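Fold and contact review
For reference, the chains in residue letters:
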Amino acid sequence: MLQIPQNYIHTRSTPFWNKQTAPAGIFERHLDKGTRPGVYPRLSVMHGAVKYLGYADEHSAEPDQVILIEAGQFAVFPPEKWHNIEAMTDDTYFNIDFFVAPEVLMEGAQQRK
Amino acid sequence: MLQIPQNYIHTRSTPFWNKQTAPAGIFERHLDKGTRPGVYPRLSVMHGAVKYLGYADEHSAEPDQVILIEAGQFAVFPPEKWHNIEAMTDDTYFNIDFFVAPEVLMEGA
Amino acid sequence: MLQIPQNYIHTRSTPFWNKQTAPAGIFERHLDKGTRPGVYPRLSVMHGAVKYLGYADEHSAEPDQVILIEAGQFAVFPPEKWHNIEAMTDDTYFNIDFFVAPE
Amino acid sequence: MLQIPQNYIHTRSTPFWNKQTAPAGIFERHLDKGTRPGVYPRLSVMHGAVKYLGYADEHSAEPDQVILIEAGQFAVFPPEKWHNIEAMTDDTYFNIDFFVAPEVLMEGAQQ
Ligand SMILES: [Zn+2]
Ligand SMILES: [Zn+2]
Ligand SMILES: [Zn+2]
Ligand SMILES: [Zn+2]
């Protein structure tokens, strides 16, 4: 399973969504982006099941990776990778958390005058 | 398993923690600060495994609820209940997300 | 002006709301609570105008505090104080950010 | 004033920064990381005042946009534009919130 580095930071979260409430576009092929690159999405299924479908590129015809996520489980998605999800039942609902890399700026001994 | 209602709101997320970076007191029997009906914490473990032990009350000798959370899994804990977690390995790391009911986030007159 | 202490941390944000998309209960008298006491709400108006009506207590007949927040401005709401907001137009829309004391 | 469209989504919020705690790079002319159409930063001042300076390009001699932000106010800055900020006082602190269009956060495939 793909893991999010322990030093990554949580930036945003989505409300709980189901087939009807989620933005329609999440069920079609797409890329999850942020302000910066390398954002890791973490989809958690609270009930039912959710399927992740990843592709080689923006136009490949069939998925090159499939992950089934059941209630009580989560899966982090490969960054900058085209994909779409699919709800397995009408009762399925889930939410998504996004994580980004931390910034480490070198500092000096004095303050900036 | 405990499930958090669809209308609940994500209010806070703790950073990733391991045996060393997490608040020492989380491994000791405690009551989540501010816990009350409508406040559900969700613990997801990214690596290793975390064990949750729940107790009927502050001084119960044995727990009445045991949950082993592995990497790729999460568990929602019951509010207003004494408990504690335990990291099963040194490289274990998890984070906790909190969700709360709209009526308690904004209590009307 | 009421200010949020520099050491507080941002915990949550609401999407942009207007008279219709906002949760109804916000236009009615209420209290913002959050998991811990002392939370600070910061309402910023992106367009139109919002008015804050604060009250002495849960049942005061009239408000003891009034603040008009116009586009390009925000206002920090006194914690633990009952209040309700009023959008001044249909075109008005705002969002709320919440800040809490350092963990 | 620039306004962030009502359907945009809050993606990041920086902690409160002052003349010393803010990343040094924000005080010098730069181009925000990942800046592009659909990404608007919103800088609001909690105390003191902050001044934004925008430039036509990277080497323009003079700025062509100036926004003074007092405490209790905020200003949305244009995307893909060279700029820098200046804290008017030592006791000044502020924070920035970034908002992004839904079509940019979730880039739909085309054919
Ligand atoms: Zn996605
Ligand atoms: Zn706990
Ligand atoms: Zn309120
Ligand atoms: Zn900037």
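A brief look at the structure comes next. (Residues numbered from 1 in each chain as written, not as in the entry; some residues may be left out. Chains lettered and ligands numbered in written order. Heavy atoms only, no water.)

Observations concerning the coordination of the zinc ion (ligand 4)
Protein coordination at the zinc ion (ligand 4): the donors are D32(D) (OD) and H83(D) (NE2), at 2.6 to 2.8 Å from the metal. Residue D32(D) is found in the loop between β1 (9–13) and β2 (39–47), and its partner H83(D) is found in strand β6 (residues 83–87); the two are separated by 51 residues along the sequence. (Donors = N, O, S within 2.8 Å, 3.2 Å for Na, K, Ca; no water. Helix = DSSP H or I, 4+ residues; strand = E, 2+ residues; numbered from the N terminus.)

Focus: the interface of chain D and chain C
The interface of chain D with chain C comprises 27 residues on the first partner and 26 residues on the second. Overall, the association of chain D and chain C removes approximately 2,200 Å² of surface from exposure, summing both partners, and the carbon and sulfur fraction of that is 56%. The three residues of chain D that bury the most area against chain C are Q6(D), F16(D) and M46(D), which together make up 31% of that side's buried surface. Across the contact surface, chain D and chain C share two salt bridges. (Contact = heavy atoms within 4.5 Å. Buried area = accessible area lost by both parts, 1.4 Å probe. Salt bridge = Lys/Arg side-chain N within 4 Å of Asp/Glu carboxyl O.)

Examining the interface of chain B and chain A
Contact with chain B, which involves 27 residues of that partner, is made by 25 residues of chain A. The junction of chain B with chain A conceals about 2,200 Å² of combined surface from both sides, 57% of it contributed by carbon and sulfur atoms. Of all residues in chain B, the largest losses of buried area upon contact with chain A belong to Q6(B), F16(B) and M46(B), amounting jointly to 30% of the total for that side. Linking chain B to chain A there are two salt bridges. Across the contact surface, chain B and chain A share 13 residue pairs in polar contact. When contributions to the side of chain B that touches chain A are tallied by element, the ones reaching two or more residues are β1 (9–13), β2 (39–47), β5 (74–76) and β7 (93–100) of chain B. When residues in the side of chain B that touches chain A are grouped by element, the largest group, five residues, is from β2(B). (Polar contact = N/O pair within 3.5 Å; in protein donor to acceptor, adjacent residues only side chain to side chain.)

Observations regarding the coordination of the zinc ion (ligand 1)
All names here are of chain A. Within the protein, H30 (NE2), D32 (OD) and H83 (NE2) serve as the donor atoms for the zinc ion (ligand 1), at 2.2 to 2.4 Å. Within one chain, the residues donating to the zinc ion (ligand 1) are spaced in sequence as H-x1-D-x50-H. With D32 in strand β2 (residues 30–32) and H83 in strand β7 (residues 83–87), this pair connects stretches of sequence that are 51 residues apart.

Re the packing of aromatic side chains
Enumeration over the complete set of coordinates arrives at 17 aromatic pairs over all chains. Centroid distance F16(A) to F99(B): 5.0 Å. Interplanar angle 35°. Geometry classified as tilted. In this pair, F16(A) is assigned in the loop between β1 (9–13) and β2 and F99(B) in strand β7, connecting two distinct chains. The interplanar angle of 90° and the centroid separation of 5.7 Å between the aromatic rings of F16(D) and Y93(D) together place this pair among those described as edge-to-face. Of the two residues, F16(D) sits in the loop between β1 and β2 while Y93(D) sits in strand β7 (residues 93–100), which places them 77 residues apart along the sequence. As far as burial versus exposure is concerned, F16(D) and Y93(D) are alike and both buried. (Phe/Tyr/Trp six-rings, centres within 6.5 Å; stacked < 30°, edge-to-face > 60°. Buried < 20%, exposed > 50% of the residue type's maximum accessible area, 1.4 Å probe, protein only.)

Focus: unusual backbone geometry
Phi is positive for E80(B), close to 60°, though the residue is something other than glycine. For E80(B), the position within the fold is in the loop between β5 and β6 (82–87). Look at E80(C): it is not a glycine, yet its phi comes out positive at around 70°. Among the structural elements, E80(C) can be located in the loop between β6 (73–76) and β7 (83–87). Given the relative accessible area of 44%, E80(C) is considered partly exposed.

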